[PDB]
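Notes to accompany the following structure.
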Amino acid sequence: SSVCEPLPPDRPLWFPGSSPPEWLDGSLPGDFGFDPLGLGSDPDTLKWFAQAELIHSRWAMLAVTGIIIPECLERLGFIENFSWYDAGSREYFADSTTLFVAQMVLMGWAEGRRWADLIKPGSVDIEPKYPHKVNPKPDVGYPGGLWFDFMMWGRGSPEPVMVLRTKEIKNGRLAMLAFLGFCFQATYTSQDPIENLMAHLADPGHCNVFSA
Amino acid sequence: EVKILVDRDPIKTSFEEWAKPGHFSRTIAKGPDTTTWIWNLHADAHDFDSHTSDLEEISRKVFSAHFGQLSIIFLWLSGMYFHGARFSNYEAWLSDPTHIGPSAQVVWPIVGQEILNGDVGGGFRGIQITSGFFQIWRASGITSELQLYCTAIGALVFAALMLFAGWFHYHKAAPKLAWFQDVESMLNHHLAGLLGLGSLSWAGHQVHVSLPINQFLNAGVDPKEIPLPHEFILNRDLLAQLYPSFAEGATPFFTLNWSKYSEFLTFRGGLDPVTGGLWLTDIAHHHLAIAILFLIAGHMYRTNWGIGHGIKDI
Amino acid sequence: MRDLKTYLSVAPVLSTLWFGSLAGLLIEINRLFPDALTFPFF
Amino acid sequence: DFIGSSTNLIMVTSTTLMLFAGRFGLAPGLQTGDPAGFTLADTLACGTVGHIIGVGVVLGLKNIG
Amino acid sequence: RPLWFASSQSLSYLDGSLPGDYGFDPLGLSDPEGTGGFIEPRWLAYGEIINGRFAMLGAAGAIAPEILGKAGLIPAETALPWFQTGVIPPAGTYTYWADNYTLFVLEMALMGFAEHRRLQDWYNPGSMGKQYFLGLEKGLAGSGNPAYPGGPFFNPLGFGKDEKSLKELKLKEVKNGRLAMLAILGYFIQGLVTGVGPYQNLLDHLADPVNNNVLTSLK
Ligand code: CLA
Ligand code: CLA
Ligand code: CLA
Ligand code: CLA
Ligand code: CLA
Ligand SMILES: CC(/C=C/C=C(C)/C=C/[C@@]12O[C@]1(C)C[C@@H](O)CC2(C)C)=C\C=C\C=C(C)\C=C\C=C(C)\C=C\[C@@]12O[C@]1(C)C[C@@H](O)CC2(C)C
C-alpha cells in the first residue's frame, strides 16, 4: 500500500530511443533519464539533488501561485498596483531589512529542522506518539506527519504514492520553468506575465520574444 | 591513396582521469612521494612522446592539443574584438587617428588604479593599447562597435567550435597514423586551401570592404555616415562610383582584360601619404597574387591521383 | 558529480577558487572601505 | 571571351597544346574510356596549366604588342 | 555495372549494395575501413538520400511559386523567387502571419520532433514504436533500412512491395534527388550571379538565348 514502488526500466524517457543512465534506475519520482551531463552520478549526492529538486519545485510552485493568482485578483479588482517584480521595492512596515532578518530567523528554524532530517532522518520527529499506535517512519522530503499529511494522501490513499510524488515533481518542474519565465520575461519586456500571455494570445505571430 | 583513416571512441570521455593526477605516465600515476612529483607532473605534462610510445596516440594528442590552442587563440581574439567593442575609443580614434591614443582597456576604480585610465583622448579614460588592433580594424573598414561585437561573438563561436573539434578528434572520432603520415595532402591543402584561399578571401574582403571604406575615410568622412560594406556589395552604383572598374564586372576578369582592373589592384609602390600605411589597392593585389601563387603551389604534391610529386620521390 | 568534486578538490583548482573568493572579498572591502591606514573601530 | 579574338586564340591553343602534351607528349585509378591513360585528373591538370600559359601569354601580349 | 568515373578503390565498396551504385567515388569519401563521425559509408548514403529528398522538395517548391506566378494561378504577391521570400532579407522579404524568426522557431521545434526521432531511429532502429507518442508510434517503428522506413505513415501505399519495383523506385528516387540537388545548386548560384529567380533565368535563356552565361558576376 505504502512502499514507493519505482518505475519500470521500459519507462518513458526524456529522449525516446536513448539509453537512460545507470544512476537513474527509477527509484526517484519523475525519473525520465534526463542526464546529458550526469550530475547525479554519486548516489549519496543524487539523494541531496533529489531533495534539492523537491524543495526547489515546491517553492517554485508556491511562488508561481503567488504571482499569477494575485495578478488574477488584481485584474478582478481586489489588489492595487500589483507587480511581483516591483512588490519588494514597494512599501511595507519593517523596512524590508528587519523583515529579511526575521525571515532568516524563522526560515532558519524551519530549514534547519529539515536539514537535520536530511543529515540524519530520525532527529526532529513530529506527529507525536500515541499509545499502542505506530507512526510510520517517513522518507526524507516526504515527512508525512500531522502537519504535512493531515489528509493522509501521502501514504497512497487516492492514488499510489509513486504517481503522486511524480505528480508533485512534474507539476513542480513545470512551475520552476514558469518562474524562470517570470524572472526573464518580466525584465526583457518590463511587463506583467498575464499581460504577456494576453498579448501573445492577441497575435501569436508578431508579439513574441523577438519583438521586445 | 590517401584515405580518411579514423577510429571511433578510442578514449572514454570521463572525469576519472581528472581525479587521479599524473595519470599519463608510469612514475607519476602513483601519487606524490615528494614535492618533485608536482614539478615532474607539469614538466612531462605535454611530453606525449614520453607517455605513449606510438605515433598514433601521440599524433591524436597533438592534433587535439592544436585544437585547444586554436580555441584559446580564438577566445583571445574574441576578447580583443570585444574589448574594442565595449571598452574602447575606437570611434574617437577613427575620427582623429593622430591625437587619440588607441585605448581598448579600462581598469576598475578600486585601490587607486583608476589613474591608469589616462587622458588618451576622445572623451575616454583608459589604457592606451599598443597591439595596433585599431589599425587592423581601420584596414578592414570596421567603423562600428557592432561589427567588433559580432565578430567577438563569432570568435567565441569559433573557440567553442575548436574545443568541440578537439574533443571530437580525440575522444569520439580520432584519426590514425595513416591520416597524419600522408603529407602531400596536408601540404596541398595548407597551401591551396589554407594559405591560397585564405589570401584569396582576404583579398575579396579588401576588394569589397577595405578599399571602399578606407577610400571614404581617407577622403574625409565621419565613420557614422559611411556606407556599410554590404551596401558596397549590393548597391553596384556605389562601389562603381568608388571604382568604375566594378561597373564592367568580372568580364574584365574572365576575358583577361585586367588592365581596366588597375583602379583597385594597383602596383603603386611605397606608402599612402594620406595615412602613412601601405596602399590598400597594393595590398589587395598582393593577397590576390599570393592566392594565385599558393593555389598553383598546392597542386604540386601527389596525394590520391596520378599527377603530382612525391616528397619521397623528390 | 563524481570525480569532478575530486578534481575541484585538487590543490590548484581549490587554490584558485579560494583565492578568487578571497581576492573578491578583499576587493569589495577596499571598495567599501577604501584608502585604509588605521583601524579606528576599536 | 569574344570568340575568334587574339585573347581567345592564344588561350585556346595553349589549353589544347597542353592537353596534347599530356596526351601524346612529354607531360603526364580513375578508369576512363580513353585509350592510354589521361584521366579526369590529368585532363583538369593540363587544362589548368594551359590556362596558366594562356593567361601569361595574353597578358605579355597586352603589356607590349 | 554502369560506371561513371569509377576508380580502383571505388570498386571496392560500391559494388551493388546501394541505390545508384555507379561507382563514382573519386575523392574516396565512403571508404569503410577507418571510419568515424559522419564520414561513414552508411551515414553518407543516408545523407545522400535525405539531402536529395529535401532538395526535391526545394526544387519543386522554389520554382513552383514562379512556375505558377508567371502563368497566373496565384497572386503576384505570393509569387516571389526562392530568395525574395524573407530567406534573404537583404534581397527581399514577405510578411506572413508571423515574423520570420517565429517561423524559424516553428521550423526548429516541429522539425526537431520530426528529426530527433529519425536520428534515434538511426541509432537504435527498434525505437520510435515503444514510447507513447500519442499512439502514432505504431507506424514510426517499422524501419528496415534507416533511410527507407516504410510504415503506415511514410509509406501508406505499397509502391515497391516486390524488391524489383522497390529497387527501381529507389534508383529513381536517388537519381531524381541528385538532379534536384544539382538544381538547388543551380538555384543558389543563379540567384547569386543574376539576382533574379530561376524561372526568370529559364525564360531569359529560352527566349533569345543571347548572354545566356556571358553575364558572369553582373546583376
Ligand atoms: C533546482 C533544480 C533542479 C535540480 C537540482 C534537479 C535535480 C534532478 N533532476 Mg530535475 N528538473 C528540473 C530542475 C532540477 N532538477 C527542471 C526545472 C526540469 C524541467 C526543465 C527538470 C526535469 C527533470 C527530468 C525530466 C528528470 C530530472 C532528473 C533529475 C535528477 C538527475 C539530474 C541531476 O542530478 O541534476 C542536478 C541539477 C542541478 C544541480 C541543477 C543544474 C544547475 C546548473 C548550474 C545548470 C543551470 C542552468 C540551466 C541550464 C539554465 C536553464 C536555461 C533555460 C534557457 C532553459 C536530479 C534528482 C531525472 C530524474 O531521475 O528525476 C528525478 C529526470 O529524468 N529532472
Ligand atoms: C610550437 C611550439 C612548441 C611546442 C608545441 C612545444 C612542445 C613541447 N616542448 Mg618546446 N619549446 C618551445 C615551443 C614549443 N614547445 C619554445 C619556443 C621553446 C624555447 C623556450 C621551447 C623549449 C623547450 C624545452 C627547453 C623543453 C621543451 C619541451 C617540450 C615538451 C613538453 C613541454 C611541457 O610539458 O611543458 C608543459 C608546460 C609548462 C611546463 C609551462 C611552461 C611555463 C612557461 C615556461 C612560463 C612562461 C609563461 C609566461 C610567458 C610568464 C608569465 C606567467 C604569469 C602567470 C606570471 C613538448 C613536446 C620539453 C621536452 O620535450 O623535454 C623532454 C623541454 O625540456 N620545449
Ligand atoms: C569537458 C570535456 C572533456 C573531458 C571530460 C575530457 C576527459 C579526458 N581527456 Mg580530453 N579533451 C577535451 C575535453 C574533455 N576531455 C577537449 C575539449 C580537448 C581539446 C583540447 C581534449 C583533448 C585531450 C587530449 C589531447 C588528451 C585528453 C585526455 C583526456 C583524459 C585525461 C584528462 C586529464 O587528466 O586532463 C585534465 C586537464 C585539464 C583539465 C587541463 C585543461 C587544459 C585546457 C585545455 C587549457 C587551459 C589553458 C589555459 C587557458 C592557460 C593557462 C592559464 C593559467 C596560467 C591561468 C580524460 C579521459 C588525454 C588522454 O586520455 O590521453 C591519455 C589526452 O592525451 N583530452
Ligand atoms: C583545405 C583544407 C584545410 C584547411 C583549411 C586546413 C587548415 C588548418 N589545418 Mg589542416 N589538414 C588538412 C586540410 C586543411 N587544413 C588535411 C587534408 C589534413 C590531413 C592530411 C590536415 C591535417 C592537419 C593536421 C594534422 C593539423 C592541421 C592543422 C590545421 C590548422 C593550422 C592552424 C592555422 O593555420 O590556423 C588558422 C585557423 C583557421 C583558418 C581557422 C579554422 C576554421 C575552419 C572552420 C577550419 C578549417 C577547415 C577544416 C579543414 C575543417 C573542414 C570542415 C570539417 C567539419 C570537416 C588550420 C586551421 C593543425 C592544427 O591547428 O590542428 C588543429 C594540425 O595539427 N591540419
Ligand atoms: C606586507 C606589507 C604590507 C602591508 C602591511 C600593507 C598594508 C596595507 N595596504 Mg598595502 N600592499 C602591499 C603590502 C602591504 N600592504 C603589496 C605588496 C602591494 C602590492 C600587491 C600592496 C598594494 C596595496 C594597495 C594598492 C592598497 C593597499 C592597501 C593597504 C591597506 C589595506 C586596507 C584594507 O583593505 O584592509 C582592510 C582589512 C581587511 C581586508 C581584512 C579583512 C579580513 C576579514 C574580513 C576577517 C576579519 C574579521 C574576523 C572574522 C575577526 C573578527 C573578530 C571576532 C568578531 C571574531 C593597509 C594599510 C589599500 C589602502 O587602503 O591603502 C592604504 C590599497 O588601496 N596596499
Ligand atoms: C538539401 C538541399 C536543399 C533543400 C532546399 C530546401 C528545403 C528549399 C526550400 C526553399 O526553396 C523553397 C521550397 C521556397 C523558398 O522560398 C525558401 C527556401 C527555403 C529557399 C540541397 C542539397 C544540395 C546538395 C548539393 C548541391 C551537393 C552537391 C554535391 C556534389 C556535386 C558532390 C560530388 C562528389 O561527392 C561525389 C558525388 C563523389 C565524390 O567522390 C566527389 C565529389 C565531386 C566531391
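The way I read the labels, and the way they are meant: chains A, B, ... in the order of the C-alpha cells, residue 1 as the first residue of every chain, and ligand 1 as the first ligand shown, with later ones counted on from there.
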Quick one: residues within 9 Å of ligand 5, with only C-alpha atoms and all ligand atoms, as an MDAnalysis selection string? (chainID B and resid 110:113) or (chainID C and resid 25:39)
When you get a sec, could you note down which chain C residues fall within 6 Å of chain B, using only C-alpha atoms, as a list in words?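 Residues satisfying the distance criterion: residues 3, 6, 7 and 31 of chain C.
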Got time to write the residues from that selection, N, CA and C atoms, as a PDB file, in the first residue's frame?
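Below is the file again_30.pdb, written as the result:
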```pdb
ATOM      1  N   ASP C   3      33.894  12.424  -9.220  1.00  0.00           N
ATOM      2  CA  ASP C   3      35.236  12.633  -9.763  1.00  0.00           C
ATOM      3  C   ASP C   3      35.430  14.024 -10.366  1.00  0.00           C
ATOM      4  N   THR C   6      36.361  15.589  -6.968  1.00  0.00           N
ATOM      5  CA  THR C   6      37.736  15.236  -6.647  1.00  0.00           C
ATOM      6  C   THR C   6      38.713  16.116  -7.412  1.00  0.00           C
ATOM      7  N   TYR C   7      38.376  16.464  -8.655  1.00  0.00           N
ATOM      8  CA  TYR C   7      39.205  17.399  -9.407  1.00  0.00           C
ATOM      9  C   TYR C   7      39.145  18.793  -8.801  1.00  0.00           C
ATOM     10  N   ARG C  31      36.602  48.427  -1.862  1.00  0.00           N
ATOM     11  CA  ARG C  31      35.576  49.303  -2.420  1.00  0.00           C
ATOM     12  C   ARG C  31      34.741  49.928  -1.310  1.00  0.00           C
TER      13      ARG C  31
END
```
Counting only C-alpha atoms, give me one row per residue of chain B with an atom at most 10 Å from an atom of chain E, showing the shortest contact pair and its distance in Å to one decimal, sorted by chain then residue number, as JSON lines.
```
{"residue": "B:1", "atom": "CA", "partner": "E:9", "partner_atom": "CA", "distance": 8.6}
{"residue": "B:2", "atom": "CA", "partner": "E:28", "partner_atom": "CA", "distance": 8.3}
{"residue": "B:3", "atom": "CA", "partner": "E:28", "partner_atom": "CA", "distance": 6.7}
{"residue": "B:4", "atom": "CA", "partner": "E:34", "partner_atom": "CA", "distance": 6.5}
{"residue": "B:5", "atom": "CA", "partner": "E:34", "partner_atom": "CA", "distance": 4.0}
{"residue": "B:6", "atom": "CA", "partner": "E:34", "partner_atom": "CA", "distance": 4.6}
{"residue": "B:7", "atom": "CA", "partner": "E:36", "partner_atom": "CA", "distance": 5.6}
{"residue": "B:8", "atom": "CA", "partner": "E:36", "partner_atom": "CA", "distance": 5.1}
{"residue": "B:9", "atom": "CA", "partner": "E:36", "partner_atom": "CA", "distance": 8.5}
{"residue": "B:168", "atom": "CA", "partner": "E:37", "partner_atom": "CA", "distance": 8.3}
{"residue": "B:169", "atom": "CA", "partner": "E:37", "partner_atom": "CA", "distance": 9.3}
{"residue": "B:172", "atom": "CA", "partner": "E:37", "partner_atom": "CA", "distance": 7.4}
{"residue": "B:173", "atom": "CA", "partner": "E:36", "partner_atom": "CA", "distance": 5.2}
{"residue": "B:174", "atom": "CA", "partner": "E:36", "partner_atom": "CA", "distance": 7.7}
{"residue": "B:175", "atom": "CA", "partner": "E:34", "partner_atom": "CA", "distance": 8.2}
{"residue": "B:176", "atom": "CA", "partner": "E:34", "partner_atom": "CA", "distance": 8.0}
{"residue": "B:178", "atom": "CA", "partner": "E:34", "partner_atom": "CA", "distance": 9.4}
{"residue": "B:179", "atom": "CA", "partner": "E:34", "partner_atom": "CA", "distance": 9.7}
{"residue": "B:230", "atom": "CA", "partner": "E:90", "partner_atom": "CA", "distance": 8.8}
{"residue": "B:231", "atom": "CA", "partner": "E:90", "partner_atom": "CA", "distance": 9.7}
{"residue": "B:234", "atom": "CA", "partner": "E:90", "partner_atom": "CA", "distance": 8.5}
{"residue": "B:235", "atom": "CA", "partner": "E:219", "partner_atom": "CA", "distance": 9.9}
{"residue": "B:236", "atom": "CA", "partner": "E:219", "partner_atom": "CA", "distance": 8.3}
{"residue": "B:246", "atom": "CA", "partner": "E:218", "partner_atom": "CA", "distance": 9.5}
{"residue": "B:247", "atom": "CA", "partner": "E:218", "partner_atom": "CA", "distance": 8.7}
{"residue": "B:248", "atom": "CA", "partner": "E:218", "partner_atom": "CA", "distance": 8.1}
{"residue": "B:249", "atom": "CA", "partner": "E:218", "partner_atom": "CA", "distance": 5.8}
{"residue": "B:250", "atom": "CA", "partner": "E:217", "partner_atom": "CA", "distance": 5.6}
{"residue": "B:251", "atom": "CA", "partner": "E:216", "partner_atom": "CA", "distance": 6.4}
{"residue": "B:252", "atom": "CA", "partner": "E:216", "partner_atom": "CA", "distance": 9.8}
{"residue": "B:253", "atom": "CA", "partner": "E:216", "partner_atom": "CA", "distance": 9.4}
{"residue": "B:254", "atom": "CA", "partner": "E:216", "partner_atom": "CA", "distance": 8.0}
{"residue": "B:304", "atom": "CA", "partner": "E:27", "partner_atom": "CA", "distance": 7.9}
{"residue": "B:305", "atom": "CA", "partner": "E:26", "partner_atom": "CA", "distance": 8.9}
```
I'd like a table as JSON lines: residues in chain A with an atom no more than 8 Å from ligand 1, each row giving the shortest atom pair and its distance in Å to one decimal, only C-alpha atoms and all ligand atoms counted, sorted by chain and rising residue number.
```
{"residue": "A:13", "atom": "CA", "partner": "ligand 1", "partner_atom_place_in_ligand_line": "64 (O)", "distance": 6.9}
{"residue": "A:14", "atom": "CA", "partner": "ligand 1", "partner_atom_place_in_ligand_line": "25 (C)", "distance": 5.7}
{"residue": "A:24", "atom": "CA", "partner": "ligand 1", "partner_atom_place_in_ligand_line": "60 (O)", "distance": 5.1}
{"residue": "A:25", "atom": "CA", "partner": "ligand 1", "partner_atom_place_in_ligand_line": "60 (O)", "distance": 7.7}
{"residue": "A:26", "atom": "CA", "partner": "ligand 1", "partner_atom_place_in_ligand_line": "60 (O)", "distance": 6.5}
{"residue": "A:27", "atom": "CA", "partner": "ligand 1", "partner_atom_place_in_ligand_line": "60 (O)", "distance": 7.8}
{"residue": "A:28", "atom": "CA", "partner": "ligand 1", "partner_atom_place_in_ligand_line": "62 (C)", "distance": 4.9}
{"residue": "A:29", "atom": "CA", "partner": "ligand 1", "partner_atom_place_in_ligand_line": "62 (C)", "distance": 5.2}
{"residue": "A:30", "atom": "CA", "partner": "ligand 1", "partner_atom_place_in_ligand_line": "61 (O)", "distance": 4.5}
{"residue": "A:31", "atom": "CA", "partner": "ligand 1", "partner_atom_place_in_ligand_line": "60 (O)", "distance": 3.5}
{"residue": "A:32", "atom": "CA", "partner": "ligand 1", "partner_atom_place_in_ligand_line": "64 (O)", "distance": 3.2}
{"residue": "A:33", "atom": "CA", "partner": "ligand 1", "partner_atom_place_in_ligand_line": "64 (O)", "distance": 3.8}
{"residue": "A:34", "atom": "CA", "partner": "ligand 1", "partner_atom_place_in_ligand_line": "64 (O)", "distance": 4.0}
{"residue": "A:35", "atom": "CA", "partner": "ligand 1", "partner_atom_place_in_ligand_line": "32 (C)", "distance": 5.6}
{"residue": "A:38", "atom": "CA", "partner": "ligand 1", "partner_atom_place_in_ligand_line": "34 (O)", "distance": 6.6}
{"residue": "A:39", "atom": "CA", "partner": "ligand 1", "partner_atom_place_in_ligand_line": "34 (O)", "distance": 4.3}
{"residue": "A:40", "atom": "CA", "partner": "ligand 1", "partner_atom_place_in_ligand_line": "34 (O)", "distance": 3.6}
{"residue": "A:41", "atom": "CA", "partner": "ligand 1", "partner_atom_place_in_ligand_line": "34 (O)", "distance": 7.4}
{"residue": "A:46", "atom": "CA", "partner": "ligand 1", "partner_atom_place_in_ligand_line": "34 (O)", "distance": 5.7}
{"residue": "A:47", "atom": "CA", "partner": "ligand 1", "partner_atom_place_in_ligand_line": "57 (C)", "distance": 7.1}
{"residue": "A:48", "atom": "CA", "partner": "ligand 1", "partner_atom_place_in_ligand_line": "57 (C)", "distance": 7.8}
{"residue": "A:49", "atom": "CA", "partner": "ligand 1", "partner_atom_place_in_ligand_line": "57 (C)", "distance": 4.8}
{"residue": "A:50", "atom": "CA", "partner": "ligand 1", "partner_atom_place_in_ligand_line": "57 (C)", "distance": 3.6}
{"residue": "A:51", "atom": "CA", "partner": "ligand 1", "partner_atom_place_in_ligand_line": "57 (C)", "distance": 7.3}
{"residue": "A:52", "atom": "CA", "partner": "ligand 1", "partner_atom_place_in_ligand_line": "5 (C)", "distance": 4.9}
{"residue": "A:53", "atom": "CA", "partner": "ligand 1", "partner_atom_place_in_ligand_line": "4 (C)", "distance": 4.1}
{"residue": "A:54", "atom": "CA", "partner": "ligand 1", "partner_atom_place_in_ligand_line": "4 (C)", "distance": 7.9}
{"residue": "A:56", "atom": "CA", "partner": "ligand 1", "partner_atom_place_in_ligand_line": "1 (C)", "distance": 5.2}
{"residue": "A:57", "atom": "CA", "partner": "ligand 1", "partner_atom_place_in_ligand_line": "1 (C)", "distance": 7.1}
{"residue": "A:169", "atom": "CA", "partner": "ligand 1", "partner_atom_place_in_ligand_line": "62 (C)", "distance": 7.8}
{"residue": "A:170", "atom": "CA", "partner": "ligand 1", "partner_atom_place_in_ligand_line": "22 (C)", "distance": 7.6}
{"residue": "A:172", "atom": "CA", "partner": "ligand 1", "partner_atom_place_in_ligand_line": "17 (C)", "distance": 7.9}
{"residue": "A:173", "atom": "CA", "partner": "ligand 1", "partner_atom_place_in_ligand_line": "16 (C)", "distance": 4.5}
{"residue": "A:174", "atom": "CA", "partner": "ligand 1", "partner_atom_place_in_ligand_line": "19 (C)", "distance": 6.2}
{"residue": "A:175", "atom": "CA", "partner": "ligand 1", "partner_atom_place_in_ligand_line": "17 (C)", "distance": 7.8}
{"residue": "A:176", "atom": "CA", "partner": "ligand 1", "partner_atom_place_in_ligand_line": "17 (C)", "distance": 5.0}
{"residue": "A:177", "atom": "CA", "partner": "ligand 1", "partner_atom_place_in_ligand_line": "17 (C)", "distance": 5.4}
{"residue": "A:180", "atom": "CA", "partner": "ligand 1", "partner_atom_place_in_ligand_line": "53 (C)", "distance": 7.7}
```
Expected answer as a VMD selection string: chain D residues within 9 Å of chain E, only C-alpha atoms: chain D and resid 1 29 to 32 40
Using N, CA and C atoms, can you export the residues from the last selection as a PDB file, in the first residue's frame?
```pdb
ATOM      1  N   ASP D   1      36.751  35.796 -73.546  1.00  0.00           N
ATOM      2  CA  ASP D   1      35.565  35.577 -74.366  1.00  0.00           C
ATOM      3  C   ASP D   1      35.750  36.313 -75.697  1.00  0.00           C
ATOM      4  N   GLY D  29      43.984   4.083 -61.403  1.00  0.00           N
ATOM      5  CA  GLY D  29      42.769   4.646 -60.848  1.00  0.00           C
ATOM      6  C   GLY D  29      42.107   5.652 -61.770  1.00  0.00           C
ATOM      7  N   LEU D  30      40.860   5.990 -61.450  1.00  0.00           N
ATOM      8  CA  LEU D  30      40.037   6.889 -62.257  1.00  0.00           C
ATOM      9  C   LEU D  30      39.967   6.389 -63.702  1.00  0.00           C
ATOM     10  N   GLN D  31      39.399   5.194 -63.842  1.00  0.00           N
ATOM     11  CA  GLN D  31      39.421   4.472 -65.109  1.00  0.00           C
ATOM     12  C   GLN D  31      38.509   5.166 -66.111  1.00  0.00           C
ATOM     13  N   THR D  32      39.111   5.831 -67.092  1.00  0.00           N
ATOM     14  CA  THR D  32      38.394   6.462 -68.189  1.00  0.00           C
ATOM     15  C   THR D  32      38.431   5.571 -69.423  1.00  0.00           C
ATOM     16  N   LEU D  40      40.592  12.008 -65.719  1.00  0.00           N
ATOM     17  CA  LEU D  40      39.971  13.304 -65.468  1.00  0.00           C
ATOM     18  C   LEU D  40      40.912  14.222 -64.703  1.00  0.00           C
TER      19      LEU D  40
END
```
Near-residue B:150 list (10 Å; only C-alpha atoms; drop same-chain fewer than 3 positions) as a PDB file with C-alpha atoms, in the first residue's frame:
```pdb
ATOM      1  CA  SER B  78      37.121  37.392 -29.230  1.00  0.00           C
ATOM      2  CA  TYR B  81      37.461  42.418 -30.557  1.00  0.00           C
ATOM      3  CA  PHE B  82      35.056  42.669 -27.613  1.00  0.00           C
ATOM      4  CA  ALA B  85      33.707  46.976 -28.960  1.00  0.00           C
ATOM      5  CA  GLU B 145      31.396  48.724 -32.411  1.00  0.00           C
ATOM      6  CA  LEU B 146      28.508  46.497 -33.520  1.00  0.00           C
ATOM      7  CA  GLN B 147      30.827  44.841 -36.023  1.00  0.00           C
ATOM      8  CA  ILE B 153      30.664  36.543 -30.702  1.00  0.00           C
ATOM      9  CA  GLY B 154      31.875  34.825 -33.862  1.00  0.00           C
ATOM     10  CA  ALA B 155      35.314  34.237 -32.376  1.00  0.00           C
ATOM     11  CA  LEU B 156      33.674  32.820 -29.259  1.00  0.00           C
TER      12      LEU B 156
END
```
Given 10 Å and only C-alpha atoms and all ligand atoms, residues near ligand 6 as a VMD selection string: chain E and resid 5 to 7 10 22 to 30 44 47 to 66 78 to 88 94 177 to 188
Near chain A, meaning an atom within 10 Å, which residues of chain C appear when counting only C-alpha atoms? Write them as an mmCIF file with C-alpha atoms, in the first residue's frame.
```cif
data_model
loop_
_atom_site.group_PDB
_atom_site.id
_atom_site.type_symbol
_atom_site.label_atom_id
_atom_site.label_comp_id
_atom_site.auth_asym_id
_atom_site.auth_seq_id
_atom_site.Cartn_x
_atom_site.Cartn_y
_atom_site.Cartn_z
ATOM 1 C CA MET C 1 29.094 14.837 -9.991
ATOM 2 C CA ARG C 2 31.508 12.050 -9.103
ATOM 3 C CA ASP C 3 35.236 12.633 -9.763
ATOM 4 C CA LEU C 4 34.545 16.268 -10.640
#
```
Identify, on the basis of only C-alpha atoms, every residue whose closest approach to residue E:203 does not exceed 12 Å; exclude the query and any residue fewer than 5 positions from it along the same chain; express the result as a list in words.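 Within the cut-off, the hits are residues 66, 67, 70, 196, 197, 198, 208, 209, 210 and 212 of chain E.
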Please report, as a PyMOL selection string, each residue of stretch 52-277 of chain B to which DSSP assigns alpha helix (DSSP H) when run on this structure's backbone. chain B and resi 55-86+90-95+133-139+145-167+177-180+184-189+197-205+211-219+229-234+236-242+245-248+251-254
